[PDB]
$ cat upload32.pdb   # PDB, N, CA and C atoms
MODEL        1
ATOM      1  N   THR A3153      13.512  43.442  25.531
ATOM      2  CA  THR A3153      12.658  44.371  24.798
ATOM      3  C   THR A3153      11.310  44.557  25.471
ATOM      4  N   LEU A3154      10.818  43.544  26.186
ATOM      5  CA  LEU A3154       9.624  43.760  26.996
ATOM      6  C   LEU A3154       9.895  44.790  28.086
ATOM      7  N   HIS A3155      11.066  44.701  28.729
ATOM      8  CA  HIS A3155      11.458  45.726  29.696
ATOM      9  C   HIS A3155      11.560  47.104  29.047
ATOM     10  N   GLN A3156      12.154  47.173  27.855
ATOM     11  CA  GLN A3156      12.324  48.457  27.176
ATOM     12  C   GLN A3156      10.983  49.071  26.787
ATOM     13  N   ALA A3157      10.055  48.250  26.289
ATOM     14  CA  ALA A3157       8.727  48.745  25.943
ATOM     15  C   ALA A3157       7.973  49.206  27.180
ATOM     16  N   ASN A3158       8.118  48.481  28.293
ATOM     17  CA  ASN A3158       7.499  48.917  29.540
ATOM     18  C   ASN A3158       8.068  50.254  30.000
ATOM     19  N   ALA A3159       9.386  50.428  29.876
ATOM     20  CA  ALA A3159      10.010  51.691  30.259
ATOM     21  C   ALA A3159       9.534  52.838  29.376
ATOM     22  N   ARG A3160       9.412  52.599  28.068
ATOM     23  CA  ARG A3160       8.954  53.663  27.178
ATOM     24  C   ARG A3160       7.477  53.978  27.397
ATOM     25  N   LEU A3161       6.675  52.983  27.787
ATOM     26  CA  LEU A3161       5.274  53.249  28.098
ATOM     27  C   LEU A3161       5.140  54.020  29.403
ATOM     28  N   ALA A3162       6.015  53.740  30.372
ATOM     29  CA  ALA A3162       6.029  54.524  31.603
ATOM     30  C   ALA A3162       6.477  55.956  31.339
ATOM     31  N   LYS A3163       7.464  56.135  30.454
ATOM     32  CA  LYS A3163       7.917  57.478  30.102
ATOM     33  C   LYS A3163       6.831  58.257  29.371
ATOM     34  N   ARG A3164       6.087  57.593  28.482
ATOM     35  CA  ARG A3164       5.024  58.265  27.742
ATOM     36  C   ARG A3164       3.837  58.646  28.618
ATOM     37  N   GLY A3165       3.757  58.133  29.844
ATOM     38  CA  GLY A3165       2.687  58.475  30.755
ATOM     39  C   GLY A3165       1.550  57.481  30.823
ATOM     40  N   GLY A3166       1.558  56.452  29.984
ATOM     41  CA  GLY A3166       0.504  55.461  30.015
ATOM     42  C   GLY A3166       0.636  54.513  31.192
ATOM     43  N   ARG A3167      -0.424  53.736  31.402
ATOM     44  CA  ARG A3167      -0.428  52.749  32.471
ATOM     45  C   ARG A3167       0.518  51.603  32.140
ATOM     46  N   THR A3168       1.231  51.126  33.157
ATOM     47  CA  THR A3168       2.195  50.049  32.994
ATOM     48  C   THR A3168       1.965  48.986  34.056
ATOM     49  N   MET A3169       2.211  47.736  33.676
ATOM     50  CA  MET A3169       2.156  46.604  34.589
ATOM     51  C   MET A3169       3.517  45.927  34.596
ATOM     52  N   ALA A3170       4.059  45.706  35.792
ATOM     53  CA  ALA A3170       5.442  45.271  35.933
ATOM     54  C   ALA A3170       5.650  43.872  35.366
ATOM     55  N   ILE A3171       6.824  43.655  34.781
ATOM     56  CA  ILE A3171       7.198  42.371  34.202
ATOM     57  C   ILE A3171       8.158  41.675  35.154
ATOM     58  N   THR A3172       7.805  40.461  35.547
ATOM     59  CA  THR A3172       8.529  39.667  36.520
ATOM     60  C   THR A3172       9.186  38.464  35.855
ATOM     61  N   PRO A3173      10.174  37.843  36.508
ATOM     62  CA  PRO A3173      10.713  36.576  35.987
ATOM     63  C   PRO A3173       9.686  35.457  35.902
ATOM     64  N   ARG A3174       8.573  35.552  36.634
ATOM     65  CA  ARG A3174       7.490  34.592  36.456
ATOM     66  C   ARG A3174       6.914  34.661  35.048
ATOM     67  N   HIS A3175       6.863  35.861  34.463
ATOM     68  CA  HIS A3175       6.437  35.994  33.073
ATOM     69  C   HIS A3175       7.393  35.275  32.131
ATOM     70  N   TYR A3176       8.701  35.374  32.385
ATOM     71  CA  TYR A3176       9.671  34.673  31.549
ATOM     72  C   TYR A3176       9.551  33.162  31.703
ATOM     73  N   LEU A3177       9.335  32.688  32.932
ATOM     74  CA  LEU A3177       9.146  31.256  33.146
ATOM     75  C   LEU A3177       7.894  30.755  32.435
ATOM     76  N   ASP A3178       6.808  31.532  32.488
ATOM     77  CA  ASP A3178       5.602  31.166  31.753
ATOM     78  C   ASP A3178       5.826  31.209  30.247
ATOM     79  N   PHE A3179       6.636  32.155  29.764
ATOM     80  CA  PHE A3179       6.974  32.200  28.345
ATOM     81  C   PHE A3179       7.732  30.954  27.911
ATOM     82  N   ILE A3180       8.691  30.509  28.722
ATOM     83  CA  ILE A3180       9.431  29.295  28.388
ATOM     84  C   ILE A3180       8.514  28.078  28.444
ATOM     85  N   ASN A3181       7.585  28.056  29.405
ATOM     86  CA  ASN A3181       6.610  26.970  29.472
ATOM     87  C   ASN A3181       5.728  26.937  28.228
ATOM     88  N   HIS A3182       5.254  28.104  27.784
ATOM     89  CA  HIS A3182       4.458  28.177  26.562
ATOM     90  C   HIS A3182       5.264  27.733  25.352
ATOM     91  N   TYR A3183       6.532  28.142  25.279
ATOM     92  CA  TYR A3183       7.391  27.746  24.169
ATOM     93  C   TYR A3183       7.547  26.234  24.114
ATOM     94  N   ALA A3184       7.860  25.616  25.256
ATOM     95  CA  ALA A3184       8.046  24.168  25.291
ATOM     96  C   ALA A3184       6.757  23.436  24.941
ATOM     97  N   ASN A3185       5.634  23.867  25.525
ATOM     98  CA  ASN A3185       4.364  23.188  25.289
ATOM     99  C   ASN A3185       3.928  23.315  23.835
ATOM    100  N   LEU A3186       3.997  24.529  23.280
ATOM    101  CA  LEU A3186       3.589  24.749  21.898
ATOM    102  C   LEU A3186       4.494  24.006  20.925
ATOM    103  N   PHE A3187       5.812  24.052  21.150
ATOM    104  CA  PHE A3187       6.747  23.351  20.278
ATOM    105  C   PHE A3187       6.487  21.851  20.294
ATOM    106  N   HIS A3188       6.365  21.267  21.491
ATOM    107  CA  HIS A3188       6.143  19.830  21.597
ATOM    108  C   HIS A3188       4.817  19.428  20.965
ATOM    109  N   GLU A3189       3.747  20.177  21.256
ATOM    110  CA  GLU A3189       2.427  19.823  20.746
ATOM    111  C   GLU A3189       2.370  19.927  19.227
ATOM    112  N   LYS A3190       2.846  21.043  18.668
ATOM    113  CA  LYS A3190       2.761  21.228  17.224
ATOM    114  C   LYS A3190       3.680  20.267  16.481
ATOM    115  N   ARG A3191       4.903  20.059  16.984
ATOM    116  CA  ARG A3191       5.811  19.128  16.327
ATOM    117  C   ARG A3191       5.284  17.702  16.389
ATOM    118  N   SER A3192       4.725  17.289  17.533
ATOM    119  CA  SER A3192       4.177  15.941  17.637
ATOM    120  C   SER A3192       2.968  15.762  16.726
ATOM    121  N   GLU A3193       2.086  16.766  16.662
ATOM    122  CA  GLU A3193       0.911  16.666  15.802
ATOM    123  C   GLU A3193       1.303  16.593  14.330
ATOM    124  N   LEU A3194       2.258  17.423  13.904
ATOM    125  CA  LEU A3194       2.640  17.423  12.496
ATOM    126  C   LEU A3194       3.477  16.200  12.132
ATOM    127  N   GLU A3195       4.296  15.699  13.063
ATOM    128  CA  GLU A3195       5.006  14.447  12.829
ATOM    129  C   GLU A3195       4.037  13.278  12.734
ATOM    130  N   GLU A3196       2.983  13.287  13.558
ATOM    131  CA  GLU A3196       1.937  12.280  13.436
ATOM    132  C   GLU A3196       1.226  12.394  12.095
ATOM    133  N   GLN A3197       1.017  13.623  11.612
ATOM    134  CA  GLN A3197       0.429  13.811  10.287
ATOM    135  C   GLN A3197       1.313  13.216   9.194
ATOM    136  N   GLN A3198       2.623  13.464   9.267
ATOM    137  CA  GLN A3198       3.544  12.926   8.267
ATOM    138  C   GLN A3198       3.599  11.401   8.320
ATOM    139  N   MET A3199       3.659  10.834   9.528
ATOM    140  CA  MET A3199       3.672   9.382   9.672
ATOM    141  C   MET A3199       2.358   8.768   9.204
ATOM    142  N   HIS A3200       1.238   9.452   9.452
ATOM    143  CA  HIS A3200      -0.052   8.971   8.977
ATOM    144  C   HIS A3200      -0.128   9.012   7.458
ATOM    145  N   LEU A3201       0.464  10.034   6.835
ATOM    146  CA  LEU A3201       0.525  10.062   5.375
ATOM    147  C   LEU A3201       1.388   8.928   4.830
ATOM    148  N   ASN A3202       2.499   8.616   5.504
ATOM    149  CA  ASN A3202       3.326   7.489   5.074
ATOM    150  C   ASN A3202       2.580   6.161   5.210
ATOM    151  N   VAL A3203       1.874   5.974   6.328
ATOM    152  CA  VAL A3203       1.081   4.762   6.531
ATOM    153  C   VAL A3203      -0.054   4.695   5.515
ATOM    154  N   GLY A3204      -0.633   5.849   5.179
ATOM    155  CA  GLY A3204      -1.658   5.886   4.153
ATOM    156  C   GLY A3204      -1.123   5.530   2.781
ATOM    157  N   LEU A3205       0.107   5.950   2.472
ATOM    158  CA  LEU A3205       0.734   5.545   1.215
ATOM    159  C   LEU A3205       0.981   4.041   1.179
ATOM    160  N   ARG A3206       1.405   3.469   2.310
ATOM    161  CA  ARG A3206       1.559   2.017   2.394
ATOM    162  C   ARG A3206       0.223   1.306   2.182
ATOM    163  N   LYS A3207      -0.847   1.837   2.779
ATOM    164  CA  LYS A3207      -2.173   1.262   2.582
ATOM    165  C   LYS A3207      -2.668   1.458   1.152
ATOM    166  N   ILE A3208      -2.265   2.549   0.498
ATOM    167  CA  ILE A3208      -2.594   2.744  -0.912
ATOM    168  C   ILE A3208      -1.904   1.696  -1.773
ATOM    169  N   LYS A3209      -0.645   1.378  -1.469
ATOM    170  CA  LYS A3209       0.027   0.291  -2.181
ATOM    171  C   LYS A3209      -0.678  -1.044  -1.943
ATOM    172  N   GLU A3210      -1.095  -1.291  -0.697
ATOM    173  CA  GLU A3210      -1.824  -2.519  -0.385
ATOM    174  C   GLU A3210      -3.151  -2.587  -1.139
ATOM    175  N   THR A3211      -3.863  -1.465  -1.239
ATOM    176  CA  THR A3211      -5.125  -1.457  -1.971
ATOM    177  C   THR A3211      -4.924  -1.498  -3.481
ATOM    178  N   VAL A3212      -3.779  -1.036  -3.988
ATOM    179  CA  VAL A3212      -3.447  -1.267  -5.393
ATOM    180  C   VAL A3212      -3.267  -2.757  -5.650
ATOM    181  N   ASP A3213      -2.588  -3.455  -4.736
ATOM    182  CA  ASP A3213      -2.516  -4.913  -4.833
ATOM    183  C   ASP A3213      -3.906  -5.543  -4.745
ATOM    184  N   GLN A3214      -4.754  -5.014  -3.860
ATOM    185  CA  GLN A3214      -6.111  -5.535  -3.696
ATOM    186  C   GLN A3214      -6.946  -5.355  -4.961
ATOM    187  N   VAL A3215      -6.857  -4.189  -5.604
ATOM    188  CA  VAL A3215      -7.634  -3.972  -6.819
ATOM    189  C   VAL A3215      -7.025  -4.695  -8.016
ATOM    190  N   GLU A3216      -5.720  -4.982  -8.001
ATOM    191  CA  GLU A3216      -5.172  -5.902  -8.994
ATOM    192  C   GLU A3216      -5.741  -7.305  -8.809
ATOM    193  N   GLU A3217      -5.878  -7.742  -7.554
ATOM    194  CA  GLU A3217      -6.521  -9.023  -7.272
ATOM    195  C   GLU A3217      -7.980  -9.020  -7.719
ATOM    196  N   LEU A3218      -8.674  -7.896  -7.519
ATOM    197  CA  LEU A3218     -10.050  -7.766  -7.994
ATOM    198  C   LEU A3218     -10.122  -7.770  -9.517
ATOM    199  N   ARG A3219      -9.109  -7.209 -10.183
ATOM    200  CA  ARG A3219      -9.006  -7.325 -11.634
ATOM    201  C   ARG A3219      -8.839  -8.778 -12.049
ATOM    202  N   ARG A3220      -8.070  -9.548 -11.272
ATOM    203  CA  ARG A3220      -7.963 -10.982 -11.525
ATOM    204  C   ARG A3220      -9.298 -11.688 -11.317
ATOM    205  N   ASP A3221     -10.143 -11.164 -10.434
ATOM    206  CA  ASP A3221     -11.464 -11.735 -10.194
ATOM    207  C   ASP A3221     -12.401 -11.457 -11.366
ATOM    208  N   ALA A3470     -20.662  -7.489 -15.693
ATOM    209  CA  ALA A3470     -20.320  -6.196 -16.273
ATOM    210  C   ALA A3470     -20.091  -5.154 -15.182
ATOM    211  N   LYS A3471     -19.177  -5.460 -14.258
ATOM    212  CA  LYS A3471     -18.867  -4.563 -13.152
ATOM    213  C   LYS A3471     -17.366  -4.504 -12.884
ATOM    214  N   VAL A3472     -16.550  -4.634 -13.929
ATOM    215  CA  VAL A3472     -15.101  -4.722 -13.773
ATOM    216  C   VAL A3472     -14.404  -3.667 -14.626
ATOM    217  N   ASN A3473     -15.058  -2.525 -14.833
ATOM    218  CA  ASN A3473     -14.524  -1.501 -15.725
ATOM    219  C   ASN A3473     -14.265  -0.182 -15.004
ATOM    220  N   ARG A3474     -13.618  -0.241 -13.839
ATOM    221  CA  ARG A3474     -13.298   0.956 -13.068
ATOM    222  C   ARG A3474     -11.822   1.084 -12.716
ATOM    223  N   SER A3475     -11.023   0.031 -12.913
ATOM    224  CA  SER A3475      -9.656   0.009 -12.405
ATOM    225  C   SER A3475      -8.748   0.989 -13.137
ATOM    226  N   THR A3476      -8.979   1.214 -14.433
ATOM    227  CA  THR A3476      -8.144   2.154 -15.178
ATOM    228  C   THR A3476      -8.284   3.567 -14.623
ATOM    229  N   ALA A3477      -9.526   4.021 -14.437
ATOM    230  CA  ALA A3477      -9.759   5.335 -13.848
ATOM    231  C   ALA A3477      -9.280   5.384 -12.403
ATOM    232  N   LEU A3478      -9.409   4.271 -11.673
ATOM    233  CA  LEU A3478      -8.951   4.239 -10.287
ATOM    234  C   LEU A3478      -7.441   4.444 -10.197
ATOM    235  N   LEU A3479      -6.675   3.718 -11.016
ATOM    236  CA  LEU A3479      -5.223   3.892 -11.026
ATOM    237  C   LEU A3479      -4.824   5.269 -11.544
ATOM    238  N   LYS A3480      -5.557   5.799 -12.532
ATOM    239  CA  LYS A3480      -5.252   7.135 -13.036
ATOM    240  C   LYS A3480      -5.459   8.198 -11.961
ATOM    241  N   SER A3481      -6.480   8.028 -11.118
ATOM    242  CA  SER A3481      -6.678   8.959 -10.010
ATOM    243  C   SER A3481      -5.626   8.763  -8.922
ATOM    244  N   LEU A3482      -5.283   7.508  -8.617
ATOM    245  CA  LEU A3482      -4.351   7.246  -7.523
ATOM    246  C   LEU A3482      -2.924   7.660  -7.865
ATOM    247  N   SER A3483      -2.558   7.685  -9.151
ATOM    248  CA  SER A3483      -1.237   8.195  -9.517
ATOM    249  C   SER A3483      -1.107   9.683  -9.197
ATOM    250  N   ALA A3484      -2.129  10.472  -9.546
ATOM    251  CA  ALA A3484      -2.137  11.884  -9.181
ATOM    252  C   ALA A3484      -2.220  12.067  -7.672
ATOM    253  N   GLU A3485      -2.935  11.171  -6.983
ATOM    254  CA  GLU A3485      -2.961  11.207  -5.523
ATOM    255  C   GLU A3485      -1.567  11.004  -4.940
ATOM    256  N   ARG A3486      -0.808  10.051  -5.487
ATOM    257  CA  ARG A3486       0.554   9.813  -5.018
ATOM    258  C   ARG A3486       1.457  11.011  -5.294
ATOM    259  N   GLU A3487       1.311  11.628  -6.471
ATOM    260  CA  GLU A3487       2.132  12.790  -6.807
ATOM    261  C   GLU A3487       1.838  13.968  -5.878
ATOM    262  N   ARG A3488       0.554  14.258  -5.651
ATOM    263  CA  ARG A3488       0.218  15.347  -4.743
ATOM    264  C   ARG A3488       0.606  15.014  -3.306
ATOM    265  N   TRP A3489       0.604  13.728  -2.936
ATOM    266  CA  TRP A3489       1.001  13.353  -1.584
ATOM    267  C   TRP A3489       2.501  13.526  -1.370
ATOM    268  N   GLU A3490       3.321  13.197  -2.372
ATOM    269  CA  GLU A3490       4.756  13.427  -2.203
ATOM    270  C   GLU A3490       5.092  14.917  -2.242
ATOM    271  N   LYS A3491       4.355  15.710  -3.029
ATOM    272  CA  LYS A3491       4.530  17.161  -2.956
ATOM    273  C   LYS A3491       4.148  17.696  -1.576
ATOM    274  N   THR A3492       3.063  17.167  -1.001
ATOM    275  CA  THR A3492       2.652  17.562   0.343
ATOM    276  C   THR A3492       3.689  17.147   1.382
ATOM    277  N   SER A3493       4.344  16.002   1.182
ATOM    278  CA  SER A3493       5.400  15.595   2.107
ATOM    279  C   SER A3493       6.611  16.520   2.006
ATOM    280  N   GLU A3494       6.933  16.985   0.795
ATOM    281  CA  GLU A3494       8.017  17.956   0.642
ATOM    282  C   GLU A3494       7.692  19.268   1.357
ATOM    283  N   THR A3495       6.458  19.757   1.191
ATOM    284  CA  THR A3495       6.068  20.973   1.904
ATOM    285  C   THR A3495       6.003  20.744   3.413
ATOM    286  N   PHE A3496       5.673  19.519   3.837
ATOM    287  CA  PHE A3496       5.736  19.170   5.252
ATOM    288  C   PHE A3496       7.158  19.273   5.780
ATOM    289  N   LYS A3497       8.134  18.799   5.001
ATOM    290  CA  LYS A3497       9.534  18.939   5.400
ATOM    291  C   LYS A3497       9.926  20.409   5.521
ATOM    292  N   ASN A3498       9.465  21.239   4.580
ATOM    293  CA  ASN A3498       9.768  22.670   4.642
ATOM    294  C   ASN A3498       9.173  23.326   5.890
ATOM    295  N   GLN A3499       7.919  23.006   6.215
ATOM    296  CA  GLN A3499       7.335  23.621   7.402
ATOM    297  C   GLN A3499       7.907  23.028   8.688
ATOM    298  N   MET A3500       8.406  21.786   8.649
ATOM    299  CA  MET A3500       9.184  21.274   9.778
ATOM    300  C   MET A3500      10.458  22.079   9.974
ATOM    301  N   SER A3501      11.128  22.435   8.876
ATOM    302  CA  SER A3501      12.349  23.220   9.001
ATOM    303  C   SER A3501      12.084  24.650   9.456
ATOM    304  N   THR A3502      10.891  25.197   9.207
ATOM    305  CA  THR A3502      10.629  26.582   9.605
ATOM    306  C   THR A3502       9.760  26.724  10.862
ATOM    307  N   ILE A3503       9.294  25.622  11.462
ATOM    308  CA  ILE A3503       8.346  25.708  12.577
ATOM    309  C   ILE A3503       8.919  26.342  13.852
ATOM    310  N   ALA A3504      10.245  26.360  14.028
ATOM    311  CA  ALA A3504      10.823  26.761  15.311
ATOM    312  C   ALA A3504      10.587  28.239  15.607
ATOM    313  N   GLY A3505      10.905  29.111  14.648
ATOM    314  CA  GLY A3505      10.691  30.534  14.853
ATOM    315  C   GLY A3505       9.222  30.890  14.983
ATOM    316  N   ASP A3506       8.362  30.183  14.246
ATOM    317  CA  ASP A3506       6.922  30.390  14.369
ATOM    318  C   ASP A3506       6.449  30.080  15.781
ATOM    319  N   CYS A3507       6.894  28.945  16.332
ATOM    320  CA  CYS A3507       6.519  28.587  17.695
ATOM    321  C   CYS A3507       7.057  29.598  18.699
ATOM    322  N   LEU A3508       8.295  30.064  18.497
ATOM    323  CA  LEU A3508       8.885  31.031  19.421
ATOM    324  C   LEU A3508       8.098  32.336  19.431
ATOM    325  N   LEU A3509       7.800  32.878  18.247
ATOM    326  CA  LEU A3509       7.079  34.144  18.176
ATOM    327  C   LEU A3509       5.656  34.006  18.705
ATOM    328  N   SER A3510       4.988  32.889  18.395
ATOM    329  CA  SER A3510       3.630  32.685  18.891
ATOM    330  C   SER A3510       3.603  32.576  20.410
TER     331      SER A3510
ENDMDL
END
$ encode --input "upload32.pdb" --output "structure tokens"
Amino acid sequence: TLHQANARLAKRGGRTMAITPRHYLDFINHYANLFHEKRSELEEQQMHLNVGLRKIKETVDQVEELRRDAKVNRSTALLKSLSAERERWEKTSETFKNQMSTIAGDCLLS
């Protein structure tokens, strides 16, 4: 279709610049680089969210230990906030899975 658009632009009388197989090789290079970079970055984001959830469980254990230890009246609100944090984090992980499943065509077109 790049060839076809170039041919139609030449037919219409406008200026045209020739398309070579070097352009296709550069396109494949861009595809590979963009796919690898974006997939690695987003997979690192997902793994970091999982590690953060593990650290949230560890800090829930830590604040339970602090509960075991007039400055001890924050844990109820803390757990109430962290439950919603966990719910929004698992929803974000589901949307992460969806964008992992759709990232290929986005990378190709870009």
$ residues_around --input "upload32.pdb" --residues "residue A:3171" --least-positions-apart "5" --cutoff "8 Å" --atoms "only N, CA and C atoms" --output "VMD selection string"
chain A and resid 3154 to 3155 3158 3176
$ residues_around --input "upload32.pdb" --residues "stretch 3476-3483 of chain A" --least-positions-apart "3" --cutoff "12 Å" --atoms "only C-alpha atoms" --output "PyMOL selection string"
chain A and resi 3205+3207-3209+3211-3216+3219+3472-3473+3486-3490
$ resolve_selection --input "upload32.pdb" --expression "the PyMOL selection byres (((chain A and resi 3169 and name CA) around 12) and name CA)" --output "NGL selection string"
:A and (3154-3155 or 3157-3159 or 3161-3162 or 3166-3168 or 3170-3172 or 3175)
$ atom_distance --input "upload32.pdb" --atom1 "atom C of residue A:3181" --atom2 "atom N of residue A:3193"
15.8 Å
$ atom_distance --input "upload32.pdb" --atom1 "atom CA of residue A:3183" --atom2 "atom CA of residue A:3507"
6.6 Å
$ atom_distance --input "upload32.pdb" --atom1 "atom CA of residue A:3504" --atom2 "atom CA of residue A:3201"
22.0 Å
$ residues_around --input "upload32.pdb" --residues "residue A:3506" --least-positions-apart "6" --cutoff "12 Å" --atoms "only C-alpha atoms" --output "list in words"
residues 3183, 3186, 3187, 3190, 3191, 3499 and 3500 of chain A
$ decode --input "upload32.pdb" --residues "stretch 3158-3179 of chain A" --atoms "N, CA and C atoms" --output "PDB file, in the first residue's frame"
ATOM      1  N   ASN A3158       2.295   5.790  -3.305  1.00  0.00           N
ATOM      2  CA  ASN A3158       3.317   6.494  -4.071  1.00  0.00           C
ATOM      3  C   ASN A3158       2.937   6.585  -5.545  1.00  0.00           C
ATOM      4  N   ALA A3159       2.395   5.498  -6.100  1.00  0.00           N
ATOM      5  CA  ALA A3159       1.969   5.508  -7.496  1.00  0.00           C
ATOM      6  C   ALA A3159       0.823   6.488  -7.722  1.00  0.00           C
ATOM      7  N   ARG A3160      -0.140   6.533  -6.798  1.00  0.00           N
ATOM      8  CA  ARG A3160      -1.257   7.460  -6.964  1.00  0.00           C
ATOM      9  C   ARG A3160      -0.816   8.908  -6.773  1.00  0.00           C
ATOM     10  N   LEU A3161       0.188   9.151  -5.926  1.00  0.00           N
ATOM     11  CA  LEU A3161       0.709  10.506  -5.774  1.00  0.00           C
ATOM     12  C   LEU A3161       1.494  10.931  -7.007  1.00  0.00           C
ATOM     13  N   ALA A3162       2.205   9.991  -7.634  1.00  0.00           N
ATOM     14  CA  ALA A3162       2.881  10.294  -8.891  1.00  0.00           C
ATOM     15  C   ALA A3162       1.877  10.561 -10.007  1.00  0.00           C
ATOM     16  N   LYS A3163       0.780   9.798 -10.037  1.00  0.00           N
ATOM     17  CA  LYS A3163      -0.258  10.023 -11.040  1.00  0.00           C
ATOM     18  C   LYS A3163      -0.940  11.371 -10.840  1.00  0.00           C
ATOM     19  N   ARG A3164      -1.185  11.759  -9.585  1.00  0.00           N
ATOM     20  CA  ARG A3164      -1.831  13.038  -9.308  1.00  0.00           C
ATOM     21  C   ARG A3164      -0.944  14.235  -9.625  1.00  0.00           C
ATOM     22  N   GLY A3165       0.350  14.027  -9.858  1.00  0.00           N
ATOM     23  CA  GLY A3165       1.253  15.102 -10.207  1.00  0.00           C
ATOM     24  C   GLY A3165       2.076  15.655  -9.065  1.00  0.00           C
ATOM     25  N   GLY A3166       1.838  15.206  -7.838  1.00  0.00           N
ATOM     26  CA  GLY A3166       2.605  15.688  -6.710  1.00  0.00           C
ATOM     27  C   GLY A3166       4.000  15.094  -6.665  1.00  0.00           C
ATOM     28  N   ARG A3167       4.823  15.672  -5.793  1.00  0.00           N
ATOM     29  CA  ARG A3167       6.182  15.186  -5.610  1.00  0.00           C
ATOM     30  C   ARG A3167       6.173  13.833  -4.913  1.00  0.00           C
ATOM     31  N   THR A3168       7.059  12.945  -5.355  1.00  0.00           N
ATOM     32  CA  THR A3168       7.155  11.601  -4.807  1.00  0.00           C
ATOM     33  C   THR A3168       8.604  11.280  -4.479  1.00  0.00           C
ATOM     34  N   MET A3169       8.791  10.504  -3.416  1.00  0.00           N
ATOM     35  CA  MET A3169      10.099  10.001  -3.021  1.00  0.00           C
ATOM     36  C   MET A3169      10.047   8.482  -3.015  1.00  0.00           C
ATOM     37  N   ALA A3170      11.013   7.857  -3.684  1.00  0.00           N
ATOM     38  CA  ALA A3170      10.957   6.423  -3.941  1.00  0.00           C
ATOM     39  C   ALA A3170      11.065   5.619  -2.651  1.00  0.00           C
ATOM     40  N   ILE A3171      10.352   4.497  -2.611  1.00  0.00           N
ATOM     41  CA  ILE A3171      10.351   3.598  -1.463  1.00  0.00           C
ATOM     42  C   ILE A3171      11.216   2.393  -1.797  1.00  0.00           C
ATOM     43  N   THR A3172      12.203   2.136  -0.952  1.00  0.00           N
ATOM     44  CA  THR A3172      13.194   1.094  -1.135  1.00  0.00           C
ATOM     45  C   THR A3172      13.007  -0.016  -0.109  1.00  0.00           C
ATOM     46  N   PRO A3173      13.577  -1.202  -0.351  1.00  0.00           N
ATOM     47  CA  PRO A3173      13.573  -2.241   0.692  1.00  0.00           C
ATOM     48  C   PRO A3173      14.294  -1.839   1.969  1.00  0.00           C
ATOM     49  N   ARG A3174      15.171  -0.832   1.919  1.00  0.00           N
ATOM     50  CA  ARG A3174      15.756  -0.304   3.146  1.00  0.00           C
ATOM     51  C   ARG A3174      14.690   0.290   4.056  1.00  0.00           C
ATOM     52  N   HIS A3175      13.657   0.905   3.475  1.00  0.00           N
ATOM     53  CA  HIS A3175      12.536   1.395   4.272  1.00  0.00           C
ATOM     54  C   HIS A3175      11.812   0.249   4.966  1.00  0.00           C
ATOM     55  N   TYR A3176      11.626  -0.876   4.270  1.00  0.00           N
ATOM     56  CA  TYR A3176      10.978  -2.029   4.890  1.00  0.00           C
ATOM     57  C   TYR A3176      11.836  -2.620   6.002  1.00  0.00           C
ATOM     58  N   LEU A3177      13.151  -2.689   5.787  1.00  0.00           N
ATOM     59  CA  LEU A3177      14.043  -3.184   6.833  1.00  0.00           C
ATOM     60  C   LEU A3177      14.012  -2.276   8.057  1.00  0.00           C
ATOM     61  N   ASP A3178      13.993  -0.958   7.840  1.00  0.00           N
ATOM     62  CA  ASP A3178      13.867  -0.028   8.957  1.00  0.00           C
ATOM     63  C   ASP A3178      12.513  -0.153   9.644  1.00  0.00           C
ATOM     64  N   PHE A3179      11.450  -0.422   8.882  1.00  0.00           N
ATOM     65  CA  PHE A3179      10.138  -0.651   9.478  1.00  0.00           C
ATOM     66  C   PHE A3179      10.139  -1.879  10.376  1.00  0.00           C
TER      67      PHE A3179
END
